[PDB]
């Protein structure tokens, strides 16, 4: 399921990763340890997106960029992970552009085929109660149990 009439240009800019859910234990625990991270979304040369995330380690702001390649309909992408020998489908399931986006990622090829993750993006570092509830309900609809749902603190 993809956001109808998806406007990629309105999805650009600064977002904060405010929650996630996944069937991968270690990803949930690590992302929890990192806290909310800033993401910057910019158009890529191939018509898709560059997603640049930053996180703090020790005295340092580390930068990571993921190329989300267009996968055939607006709002859906594919991400190739050389380190994990795998390719993943990434969809913007729902967004209002100015406050939130709900994303869903699953493995599509390689050993990470089984992987699944729901992600909450907010335009601010303090998502409102109603958006946290939306996200919990989104995760539940995607089969994630409440124990796999994690809100990332600022």
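Positions refer to the first chain, counted from 1.
Checked against the record, the higher mean CA B factor of 29 to 37 and 102 to 110 lies with 29 to 37. According to the PDB record, 138 to 146 carries the higher mean C-alpha B-factor of the two stretches 14 to 22 and 138 to 146.
Per the deposited record, 45 carries the highest C-alpha B-factor of all listed residues (91, 119, 45, 95). Going by the entry's values, 126 shows the largest Cα B-factor out of 69, 52, 126, 86.
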